[PDB]
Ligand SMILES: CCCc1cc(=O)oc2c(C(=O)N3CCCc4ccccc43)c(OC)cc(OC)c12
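Next up: just one chain, as structure tokens, the form deposited without the named molecule.
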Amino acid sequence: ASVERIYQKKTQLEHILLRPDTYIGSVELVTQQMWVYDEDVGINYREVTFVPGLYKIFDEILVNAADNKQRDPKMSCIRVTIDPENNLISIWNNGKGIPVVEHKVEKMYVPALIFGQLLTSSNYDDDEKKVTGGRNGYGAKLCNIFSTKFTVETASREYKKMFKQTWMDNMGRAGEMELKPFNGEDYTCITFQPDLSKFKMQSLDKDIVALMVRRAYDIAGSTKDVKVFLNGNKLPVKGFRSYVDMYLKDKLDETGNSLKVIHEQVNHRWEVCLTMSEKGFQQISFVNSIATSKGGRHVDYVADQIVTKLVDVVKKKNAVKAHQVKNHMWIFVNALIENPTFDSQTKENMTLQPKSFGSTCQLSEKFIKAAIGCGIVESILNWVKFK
């Protein structure tokens, strides 16, 4: 009844733990069909039960690793370790480390600042037109906050130093900072034990591991010239087309014939695959190696030029609407977008208008022709016949 009990102020850290949803997604169970990678089965679509926020904190660190390839093209490798019985995840990358030096304005070492303080980022100057996935200065701190133990190790040959420090108890405490002389090949390694109590979980079970492994395959398929290892084993992905092939390799439509798959690497920032869908519009897409599971204007931009060209082919053969065409399409898009926007930190839907992408993606006349002859025009014409 008290004014002080009714009206409350929260610190930023308190607010994240109290209201996790707009930061990392739901911290409750969801049961739905998802693409996952099962041991001994590979890529497959099945019902899974998982906590989105746990999936996301892993994603934040993984995308950070991919981002470093854009910062340093000499980077060649990402190594992911998932150890359920010790509740341990590690993500390692090479290329240039984080400067191991005191930040003259914030008065702490750079790695401690950008992993241990909210709203810290190298991505706050949008006069630079970057195709990194990082935008907001939260992601790594979010993983820290939802971890019981969160270790940052980064080595900077330029500064001849190596940094290592561990946070604990939801970024509430930090152990001792370790600084050692260094003169090798740079790397960064983030090792964390997710706070499964925040997710009402007891361990990294089969389903969340299958999702995390598939996400590592996503990275292998969406990045260029980065080898990806999962628990010491190299992942056999070479390019986005070979990644898409894992989804469609033996796939048949419902009459029994194999799916017709249309591909174009339109340019160095856009790659597209199209086939037929029997369950409504489907899209699997990436922006700067972020899995945009709810799509966005990058998907609309590519799909719409297919749809309008197909509605024009169907009209020649007569009343059909664009949503009808789109419901027969399964599209794959891998895109690099400058300074993308999203309506949430989880970055599931990319909202930037095409005029601001920094590149274009006009599908070739070769691609469009093959799209006309891939079964979508057929199914539509049988429906208007059977009217």
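One-based numbering along the sequence shown.
This next part talks about the form solved in complex with the named molecule, which is not shown.
Contact with the named molecule in the entry with it bound, defined as any heavy atom within 4.5 Å, is confined among 306-314, 167-175, 283-291, 222-230 to 283-291. In summary, among the residues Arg241, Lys260, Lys198, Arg215, the only one with a non-hydrogen atom within 4.5 Å of the named molecule in the entry with it bound is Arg215. The named molecule is not drawn, but in the entry with it bound it has a heavy atom within 4.5 Å of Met34. Taking the partner from elsewhere, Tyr247 is found to have a heavy atom lying within 4.5 Å of the named molecule in the entry with it bound. By the criterion of a heavy atom within 4.5 Å, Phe50 is counted among the residues contacting the named molecule in the entry with it bound. Contact annotation: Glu338 falls outside 4.5 Å of the named molecule in the entry with it bound, judged by heavy atom distances.
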